[PDB]
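Shown next: upload02.cif, containing mmCIF, C-alpha atoms and all ligand atoms.
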data_data
#
loop_
_atom_site.label_atom_id
_atom_site.label_comp_id
_atom_site.auth_asym_id
_atom_site.auth_seq_id
_atom_site.Cartn_x
_atom_site.Cartn_y
_atom_site.Cartn_z
CA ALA A 1 8.41 38.73 -21.54
CA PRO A 2 8.90 34.94 -21.16
CA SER A 3 11.22 34.15 -18.17
CA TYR A 4 13.03 31.20 -16.54
CA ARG A 5 12.61 30.94 -12.73
CA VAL A 6 13.59 28.12 -10.28
CA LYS A 7 11.72 26.98 -7.13
CA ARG A 8 12.84 24.50 -4.44
CA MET A 9 9.46 22.81 -3.73
CA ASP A 10 7.22 19.86 -4.64
CA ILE A 11 6.41 20.20 -8.43
CA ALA A 12 2.95 18.69 -7.53
CA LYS A 13 2.13 22.13 -5.96
CA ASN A 14 3.25 24.20 -9.04
CA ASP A 15 1.33 27.41 -10.03
CA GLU A 16 1.90 26.87 -13.82
CA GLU A 17 -0.71 25.96 -16.52
CA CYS A 18 0.84 22.46 -17.04
CA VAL A 19 3.42 20.12 -15.45
CA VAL A 20 6.17 17.86 -16.92
CA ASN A 21 6.35 14.44 -15.11
CA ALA A 22 9.85 12.86 -14.97
CA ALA A 23 8.27 9.60 -16.23
CA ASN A 24 9.34 5.98 -16.77
CA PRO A 25 8.67 4.50 -20.24
CA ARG A 26 6.10 2.01 -18.79
CA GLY A 27 3.77 4.83 -17.51
CA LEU A 28 4.13 3.58 -13.89
CA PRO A 29 3.75 5.69 -10.70
CA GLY A 30 7.30 4.81 -9.43
CA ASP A 31 8.46 6.85 -6.35
CA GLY A 32 10.17 10.30 -5.96
CA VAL A 33 8.93 13.11 -8.37
CA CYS A 34 6.69 10.59 -10.30
CA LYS A 35 5.05 9.64 -6.96
CA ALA A 36 4.03 13.21 -6.00
CA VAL A 37 2.77 13.57 -9.62
CA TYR A 38 0.80 10.25 -9.59
CA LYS A 39 -0.86 11.29 -6.29
CA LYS A 40 -1.89 14.75 -7.50
CA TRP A 41 -2.93 13.82 -11.07
CA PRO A 42 -3.57 9.99 -11.12
CA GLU A 43 -5.98 9.98 -14.17
CA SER A 44 -3.05 11.51 -16.21
CA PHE A 45 -1.38 8.01 -16.02
CA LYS A 46 -4.10 6.49 -18.30
CA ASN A 47 -2.04 5.35 -21.37
CA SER A 48 0.91 7.63 -20.28
CA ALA A 49 3.49 4.98 -21.39
CA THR A 50 5.96 6.52 -23.94
CA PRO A 51 9.47 5.49 -25.11
CA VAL A 52 12.81 6.92 -23.77
CA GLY A 53 13.59 10.32 -25.38
CA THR A 54 9.87 11.17 -25.99
CA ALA A 55 7.06 13.09 -24.29
CA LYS A 56 3.33 12.26 -24.05
CA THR A 57 0.64 14.67 -22.76
CA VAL A 58 -2.39 13.24 -20.87
CA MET A 59 -5.11 15.65 -19.57
CA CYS A 60 -6.17 15.56 -15.91
CA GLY A 61 -9.51 17.35 -16.40
CA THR A 62 -8.19 20.27 -18.52
CA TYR A 63 -4.75 20.29 -16.75
CA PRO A 64 -2.04 18.90 -19.09
CA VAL A 65 0.51 16.43 -17.60
CA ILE A 66 3.54 16.06 -19.96
CA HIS A 67 5.21 12.64 -19.30
CA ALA A 68 8.85 13.21 -20.42
CA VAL A 69 11.08 10.07 -20.28
CA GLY A 70 14.74 11.01 -19.85
CA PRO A 71 17.21 8.09 -20.15
CA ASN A 72 18.34 5.95 -17.19
CA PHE A 73 22.17 6.52 -17.48
CA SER A 74 22.67 3.18 -15.57
CA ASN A 75 21.37 1.54 -18.81
CA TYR A 76 22.69 3.94 -21.56
CA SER A 77 26.20 4.99 -22.70
CA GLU A 78 27.10 8.66 -21.94
CA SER A 79 26.77 9.55 -25.67
CA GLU A 80 23.42 7.68 -26.18
CA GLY A 81 22.05 8.96 -22.82
CA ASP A 82 23.01 12.54 -23.84
CA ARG A 83 21.20 12.11 -27.21
CA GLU A 84 18.04 10.72 -25.48
CA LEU A 85 18.07 13.42 -22.73
CA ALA A 86 18.32 16.22 -25.39
CA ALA A 87 15.45 14.68 -27.43
CA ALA A 88 13.08 14.28 -24.39
CA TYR A 89 13.38 18.09 -23.71
CA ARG A 90 12.85 18.73 -27.46
CA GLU A 91 9.57 16.75 -27.16
CA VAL A 92 8.59 18.80 -24.05
CA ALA A 93 9.06 22.03 -26.11
CA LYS A 94 6.83 20.60 -28.94
CA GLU A 95 4.11 19.58 -26.38
CA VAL A 96 4.25 22.94 -24.51
CA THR A 97 3.92 24.74 -27.91
CA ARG A 98 1.08 22.46 -29.21
CA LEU A 99 -0.83 23.01 -25.88
CA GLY A 100 -0.63 26.85 -26.27
CA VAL A 101 0.12 27.17 -22.49
CA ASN A 102 1.62 30.45 -21.09
CA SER A 103 3.67 28.56 -18.40
CA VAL A 104 5.10 25.06 -17.60
CA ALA A 105 6.55 23.47 -14.40
CA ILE A 106 9.54 21.25 -15.33
CA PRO A 107 11.98 19.06 -13.36
CA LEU A 108 15.60 18.41 -14.43
CA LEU A 109 15.18 15.05 -16.27
CA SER A 110 17.72 12.20 -15.53
CA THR A 111 19.27 13.85 -12.38
CA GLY A 112 17.80 11.52 -9.66
CA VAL A 113 17.43 7.66 -9.83
CA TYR A 114 18.10 7.95 -13.63
CA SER A 115 21.48 9.83 -13.23
CA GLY A 116 23.55 6.59 -12.92
CA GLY A 117 24.99 8.08 -9.66
CA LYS A 118 26.47 11.17 -11.48
CA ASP A 119 25.76 14.97 -11.05
CA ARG A 120 23.99 16.02 -14.31
CA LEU A 121 22.57 19.43 -13.24
CA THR A 122 24.50 21.30 -15.99
CA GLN A 123 23.97 18.59 -18.66
CA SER A 124 20.18 18.37 -17.97
CA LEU A 125 19.65 22.16 -17.52
CA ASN A 126 21.57 23.05 -20.75
CA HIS A 127 19.37 20.54 -22.72
CA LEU A 128 16.28 22.14 -21.06
CA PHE A 129 17.51 25.62 -22.23
CA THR A 130 18.36 24.41 -25.79
CA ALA A 131 14.77 23.04 -26.06
CA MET A 132 12.71 25.73 -24.22
CA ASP A 133 14.63 28.86 -25.48
CA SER A 134 12.59 28.61 -28.77
CA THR A 135 9.19 28.66 -26.88
CA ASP A 136 7.39 31.74 -25.46
CA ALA A 137 6.00 30.11 -22.21
CA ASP A 138 7.23 31.01 -18.69
CA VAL A 139 9.38 28.10 -17.46
CA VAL A 140 9.58 27.28 -13.72
CA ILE A 141 12.23 24.63 -12.89
CA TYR A 142 11.53 22.57 -9.71
CA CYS A 143 14.30 21.04 -7.51
CA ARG A 144 14.53 19.86 -3.83
CA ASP A 145 18.21 20.67 -3.02
CA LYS A 146 19.36 24.18 -2.03
CA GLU A 147 22.81 23.87 -3.68
CA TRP A 148 20.97 22.86 -6.93
CA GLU A 149 18.52 25.81 -6.50
CA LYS A 150 21.44 28.29 -6.29
CA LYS A 151 23.45 26.76 -9.18
CA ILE A 152 20.25 26.76 -11.35
CA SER A 153 19.47 30.36 -10.24
CA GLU A 154 23.04 31.44 -11.28
CA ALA A 155 22.85 29.65 -14.69
CA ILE A 156 19.57 31.59 -15.35
CA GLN A 157 20.99 34.97 -14.12
CA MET A 158 24.16 34.69 -16.31
CA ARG A 159 22.18 34.18 -19.61
CA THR A 160 20.50 37.66 -19.24
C1 LIG B 1 13.98 13.73 -12.55
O1 LIG B 1 15.03 12.82 -12.18
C2 LIG B 1 15.16 11.48 -12.75
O2 LIG B 1 16.11 10.80 -12.43
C3 LIG B 1 14.17 10.94 -13.72
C4 LIG B 1 13.31 9.89 -13.33
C5 LIG B 1 12.38 9.43 -14.26
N1 LIG B 1 12.36 9.98 -15.50
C6 LIG B 1 13.20 10.99 -15.85
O3 LIG B 1 13.14 11.48 -17.01
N2 LIG B 1 14.11 11.48 -14.97
#

Take the structure from the file and write it as structure tokens.
Amino acid sequence: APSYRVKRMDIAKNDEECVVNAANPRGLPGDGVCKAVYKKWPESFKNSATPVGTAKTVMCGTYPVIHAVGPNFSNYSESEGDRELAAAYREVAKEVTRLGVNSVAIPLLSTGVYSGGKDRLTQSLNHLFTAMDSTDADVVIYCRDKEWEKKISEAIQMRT
């Protein structure tokens, strides 16, 4: 049975068959999540650049890194940001399905430096669910904050 789980830990140390990078459209290392990811899979950043609201897979050996570019809400309107955030997760689902993986490590896109200083846990997570509910891979969501871990854990529990 495909499940959702949540783990408070560095996504760069995931035990899934592929990772989603919370990427910038330029395909740059940046800092935060994208740093950890650049350090663990640096050859995955060869031609990783992809537009806002899209996902691009680059192999590190045989290990797929999915660069998903959620919107920077500093730059977008709430309604355009929402559209772009939904579509990035949609692209993740397509890439996970194309890759035929049994599991995927995924961060909550647009909830850090790209949040525009707003709490978007529920917005980002719901878009993740909408997208990934149609796939048959185990989904492990990575966060750093305990409060976020619990709230994510509850949102998972209350769908079953
Ligand atoms: C994951 O938290 C973020 O703010 C983020 C940064 C870069 N790209 C994203 O898609 N999201």

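With atom CA of residue 4 of chain A on one side and atom CA of residue 107 of chain A on the other, the separation reads 12.6 Å.
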
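Checking A:36, A:155, A:52, A:101 one by one against residue 76 of chain A, counting all atoms listed in the file, you find the shortest gap at A:52.
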
List every residue of chain A that has an atom at most 10 Å from any atom of ligand LIG 1 (chain B), and for each one report the closest atom pair and its distance in Å to one decimal, counting only C-alpha atoms and all ligand atoms, with rows sorted by chain and then by increasing residue number, as a tab-separated table.
residue	atom	partner	partner_atom	distance
A:20	CA	B:LIG1	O3	9.4
A:21	CA	B:LIG1	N1	7.5
A:22	CA	B:LIG1	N1	3.9
A:23	CA	B:LIG1	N1	4.2
A:24	CA	B:LIG1	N1	5.2
A:25	CA	B:LIG1	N1	8.1
A:30	CA	B:LIG1	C5	8.4
A:31	CA	B:LIG1	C4	9.0
A:32	CA	B:LIG1	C4	8.0
A:33	CA	B:LIG1	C1	6.6
A:34	CA	B:LIG1	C5	7.0
A:52	CA	B:LIG1	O3	8.2
A:53	CA	B:LIG1	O3	8.5
A:54	CA	B:LIG1	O3	9.6
A:55	CA	B:LIG1	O3	9.6
A:67	CA	B:LIG1	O3	8.3
A:68	CA	B:LIG1	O3	5.7
A:69	CA	B:LIG1	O3	4.1
A:70	CA	B:LIG1	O3	3.3
A:71	CA	B:LIG1	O3	6.2
A:72	CA	B:LIG1	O2	7.2
A:73	CA	B:LIG1	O2	9.0
A:84	CA	B:LIG1	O3	9.8
A:85	CA	B:LIG1	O3	7.8
A:88	CA	B:LIG1	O3	7.9
A:89	CA	B:LIG1	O3	9.4
A:106	CA	B:LIG1	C1	9.2
A:107	CA	B:LIG1	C1	5.8
A:108	CA	B:LIG1	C1	5.3
A:109	CA	B:LIG1	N2	3.9
A:110	CA	B:LIG1	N2	3.7
A:111	CA	B:LIG1	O1	4.4
A:112	CA	B:LIG1	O2	3.3
A:113	CA	B:LIG1	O2	4.3
A:114	CA	B:LIG1	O2	3.7
A:115	CA	B:LIG1	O2	5.5
A:116	CA	B:LIG1	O2	8.6
A:117	CA	B:LIG1	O2	9.7
A:120	CA	B:LIG1	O2	9.6
A:124	CA	B:LIG1	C1	9.5
A:142	CA	B:LIG1	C1	9.6
A:143	CA	B:LIG1	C1	8.9

For C-alpha atoms, I'd like the residues from the last selection saved as a short mmCIF file (atom, residue, chain, number, x, y, z; two decimals), in the coordinates of the input.
data_model
loop_
_atom_site.label_atom_id
_atom_site.label_comp_id
_atom_site.auth_asym_id
_atom_site.auth_seq_id
_atom_site.Cartn_x
_atom_site.Cartn_y
_atom_site.Cartn_z
CA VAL A 20 6.17 17.86 -16.92
CA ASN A 21 6.35 14.44 -15.11
CA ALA A 22 9.85 12.86 -14.97
CA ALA A 23 8.27 9.60 -16.23
CA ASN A 24 9.34 5.98 -16.77
CA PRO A 25 8.67 4.50 -20.24
CA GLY A 30 7.30 4.81 -9.43
CA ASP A 31 8.46 6.85 -6.35
CA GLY A 32 10.17 10.30 -5.96
CA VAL A 33 8.93 13.11 -8.37
CA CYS A 34 6.69 10.59 -10.30
CA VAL A 52 12.81 6.92 -23.77
CA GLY A 53 13.59 10.32 -25.38
CA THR A 54 9.87 11.17 -25.99
CA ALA A 55 7.06 13.09 -24.29
CA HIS A 67 5.21 12.64 -19.30
CA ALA A 68 8.85 13.21 -20.42
CA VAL A 69 11.08 10.07 -20.28
CA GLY A 70 14.74 11.01 -19.85
CA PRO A 71 17.21 8.09 -20.15
CA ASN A 72 18.34 5.95 -17.19
CA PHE A 73 22.17 6.52 -17.48
CA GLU A 84 18.04 10.72 -25.48
CA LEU A 85 18.07 13.42 -22.73
CA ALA A 88 13.08 14.28 -24.39
CA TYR A 89 13.38 18.09 -23.71
CA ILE A 106 9.54 21.25 -15.33
CA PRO A 107 11.98 19.06 -13.36
CA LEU A 108 15.60 18.41 -14.43
CA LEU A 109 15.18 15.05 -16.27
CA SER A 110 17.72 12.20 -15.53
CA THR A 111 19.27 13.85 -12.38
CA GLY A 112 17.80 11.52 -9.66
CA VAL A 113 17.43 7.66 -9.83
CA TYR A 114 18.10 7.95 -13.63
CA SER A 115 21.48 9.83 -13.23
CA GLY A 116 23.55 6.59 -12.92
CA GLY A 117 24.99 8.08 -9.66
CA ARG A 120 23.99 16.02 -14.31
CA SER A 124 20.18 18.37 -17.97
CA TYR A 142 11.53 22.57 -9.71
CA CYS A 143 14.30 21.04 -7.51
#

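Closest approach to residue 47 of chain A among A:62, A:144, A:27, A:119 is made by A:27 (distances from all atoms listed in the file).
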
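Interatomic distance, atom CA of residue 123 of chain A to atom CA of residue 11 of chain A: 20.4 Å.
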
Here atom CA of residue 122 of chain A and atom CA of residue 135 of chain A stand apart by 20.2 Å

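Nearest to residue 130 of chain A of all the residues A:5, A:26, A:90, A:13 is A:90, based on all atoms listed in the file.
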
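Nearest to residue 126 of chain A of all the residues A:156, A:146, A:105, A:98 is A:156, counting all atoms listed in the file.
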
Using all atoms listed in the file, the residue out of A:136, A:16, A:10, A:154 with shortest distance to residue 39 of chain A is A:10

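Among the candidate residues A:86, A:12, A:18, A:158, the one lying nearest to residue 128 of chain A is A:86, with distances computed using all atoms listed in the file.
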
Practice problem: Find the residues near residue 97 of chain A: any atom within 12 Å, counting only C-alpha atoms, skip ones fewer than 6 places away on the same chain, and give them as a list in words. | Solution: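 Selected residues are residues 18, 57, 66, 90, 91, 103, 104, 131, 132, 133, 134, 135, 136, 137 and 138 of chain A.
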
Just C-alpha atoms for this one: save the residues we selected as a PDB file, keeping the file's coordinate frame.
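Result went into out_28.pdb, see below:
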ATOM      1  CA  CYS A  18       0.840  22.460 -17.040  1.00  0.00           C
ATOM      2  CA  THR A  57       0.640  14.670 -22.760  1.00  0.00           C
ATOM      3  CA  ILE A  66       3.540  16.060 -19.960  1.00  0.00           C
ATOM      4  CA  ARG A  90      12.850  18.730 -27.460  1.00  0.00           C
ATOM      5  CA  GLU A  91       9.570  16.750 -27.160  1.00  0.00           C
ATOM      6  CA  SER A 103       3.670  28.560 -18.400  1.00  0.00           C
ATOM      7  CA  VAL A 104       5.100  25.060 -17.600  1.00  0.00           C
ATOM      8  CA  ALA A 131      14.770  23.040 -26.060  1.00  0.00           C
ATOM      9  CA  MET A 132      12.710  25.730 -24.220  1.00  0.00           C
ATOM     10  CA  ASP A 133      14.630  28.860 -25.480  1.00  0.00           C
ATOM     11  CA  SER A 134      12.590  28.610 -28.770  1.00  0.00           C
ATOM     12  CA  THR A 135       9.190  28.660 -26.880  1.00  0.00           C
ATOM     13  CA  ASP A 136       7.390  31.740 -25.460  1.00  0.00           C
ATOM     14  CA  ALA A 137       6.000  30.110 -22.210  1.00  0.00           C
ATOM     15  CA  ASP A 138       7.230  31.010 -18.690  1.00  0.00           C
TER      16      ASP A 138
END
